[PDB]
Each structure stands twice: as C-alpha cells, then as structure tokens.
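Undergrad: structure of the sequence below:
(2 chains)
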Amino acid sequence: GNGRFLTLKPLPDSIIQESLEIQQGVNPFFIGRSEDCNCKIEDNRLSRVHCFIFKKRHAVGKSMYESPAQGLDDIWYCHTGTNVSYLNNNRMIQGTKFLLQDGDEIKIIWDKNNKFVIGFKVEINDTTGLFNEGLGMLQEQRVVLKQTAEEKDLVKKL
Amino acid sequence: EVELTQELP
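TA: Residues are numbered from 1 along each chain as shown, chains lettered A, B, ... in the order given. Next up is the structure itself:
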C-alpha cells in the first residue's frame, strides 16, 4: 500500500462537498461528528460515530475445483447511527455491515421533509492486494449484513 | 456539551 486505499468523498448531492480518504493502514475507519472518528463529519442528525468502514479478509467456502479470487481483502461499511444510513439500495440500521465497491455511494442521512440529504462516494484508489477492490461477487447479490461482536468491539474502543 | 442526535421524525 502507498498510504490510501478507499476514498469517501461527500459529493455535491450532499450538503457536504468534501473528500475523505480511508488510509488502508487504519482499520476500521470511523466516520462521524466526533473528531474521534477517523473521518470528520458533523451532522446534528447523525450520532458522534454515525458509521465506520472496516476491511476484512475475503474467504470463500470451498475451492476444490473452481478457481475464485483467492483469499484477499474486502472493505466493509459499518453503520452505528440511529438515523440509519443507506448504501445505494440496501438499508443500514444501527449495527449493520455492507461491502463497499470502487464507486460506492453511501447515504449517511436523508430527510424528505427537511430535505437533509447526505452521502459520500467510495472510491478505491489503491488495492492492497485485494481480490478485486470490494465488489463482492458471491452467493448473495449485494446484501447488507449485520454487525457482530467483532465490529462492535472496534467502535467500543473509539 | 452537545450530546443529542437530531433523530428525524
């Protein structure tokens, strides 16, 4: 790795026109209002640590015939905010996890009545020897998983 | 002290 792996850039579509870069060296990358979060985004609607991205080693079930993408790394997006975050088309409730693909647009906060719309664009610039970068490609087609004691533990020491 | 998440309706 050169230093940066994933790029979360609060796009103009969102009230925020900034760019965030998740250093492959930092796992997991926390985002939210509180500076404690690797990423700094303060939106009264979201919690201190609205959500955080975590990278994990991608491993298939079996490979005694077919040749998959080997056991590399996959970047996951973890959500801990109450307002809920939305990844493209998958819902992200407090304690959820979803795979992030190069060019993944995640919604941190959306309000129809308040017109409060936030969202960052995930762009993988560097691939630290990844199976691809983070496009999933497995049993379930782009599905939002739930967080476990492992993920919750990462934020516990935030 | 600003500990309050403006949860939307």
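Undergrad: contacts, neighbours, all on C-alpha from now
TA: Noted.
Undergrad: tell me where chain A has helices.
TA: Secondary structure of chain A by DSSP state H: the helices cover A:149-156.
Undergrad: need the outlier residue of it, farthest from its centre.
TA: residue A:65 (32.0 Å; C-alpha atoms, centre = their mean).
Undergrad: once you drop chain neighbours, what's closest to the residue in chain A that chain B sits nearest to?
TA: Taking C-alpha to the nearest C-alpha, chain B has its nearest neighbour within chain A at residue A:45, 4.2 Å off. Leaving aside its sequence neighbours, residue A:45 sits nearest to residue B:6 (C-alpha to C-alpha, 6 or more residues apart in numbering or on different chains; 4.2 Å).
Undergrad: surely that neighbour is in a helix?
TA: No: applying DSSP: H, G, I helix; E, B strand; the rest coil, one finds residue B:6 to be coil, outside a helix.
Undergrad: who's in contact with it?
TA: By C-alpha atoms under 8 Å, 6 or more residues apart in numbering or on different chains, the contact set of residue B:6 is A:44-46.
Undergrad: from residue A:83, how far off is it?
TA: Residue B:6 sits 8 Å away from residue A:83, taking C-alpha to C-alpha, to the nearest Å as the criterion.
Undergrad: who touches both of these two?
TA: Contacts common to residue B:6 and residue A:83, judged by C-alpha under 8 Å, 6+ apart, are A:45-46.
Undergrad: contact partners for residue A:94?
TA: So residue A:94 contacts A:79-82, A:84 (C-alpha under 8 Å, 6+ apart).
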